[PDB]
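Undergrad: This is the structure I have questions about; it appears just below.
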Amino acid sequence: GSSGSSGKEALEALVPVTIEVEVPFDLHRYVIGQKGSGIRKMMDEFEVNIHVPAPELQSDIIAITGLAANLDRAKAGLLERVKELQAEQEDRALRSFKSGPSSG
């Protein structure tokens, strides 16, 4: 029960642009890495610039600078990375073997 396909876009520019991506600060620490390598792989691959909000800000909106074209491919990688990351780190938390009604 799945079909359809469309994605037209007409934009030409030289200077990049900053966007906004929804991501939990609880994952940032995991996204950035011990120092900041994990992300380095992207900025080098997608050829973009990712900036994470400081802890004193408590912001869950990551800013990504780059060409609308790069922002798309990049933004697509993170979004999926977050859904796949939480699904795991959370999975182990979901199965809370304890008293109470639990579906199967």
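Undergrad: Output the residues belonging to region 44-100 that are more than 15 Å from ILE32 (Cβ to Cβ), among the charged types (D, E, K, R) and either touching a residue at least 60 places away in the same chain (Cβ under 8 Å) or part of a loop (DSSP other than H, G, I, E, B) (or both).
TA: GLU47, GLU56, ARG95, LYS98
Undergrad: Scanning region 47-104 for residues that are touching a strand residue (DSSP E or B) at 6+ places or on another chain (Cβ under 9 Å), aliphatic (A, V, I, L, M) and surrounded by fewer than 15 Cβ atoms within 10 Å (Cβ to Cβ), which turns out nearest to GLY7 (Cα to Cα)?
TA: Per the criteria, the residue is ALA68.
Undergrad: Moving on. I'd like the full set of residues that are within 22 Å of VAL15 (Cα to Cα) and of a type in the set (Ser, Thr, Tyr), limited to region 35-94.
TA: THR65
Undergrad: Out of all the residues in region 10-35, which are surrounded by fewer than 14 Cβ atoms within 10 Å (Cβ to Cβ), in contact (Cβ under 8 Å) with a residue 12 or more places away in the chain and in a loop (DSSP other than H, G, I, E, B)?
TA: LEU11, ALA13, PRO24
All Cβ positions, even for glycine, are placed from backbone atoms using ideal geometry, and neighbour counts span all protein chains on display. Taken together, the values in this text are just the output of simple stated rules run on the coordinates, not laboratory data.
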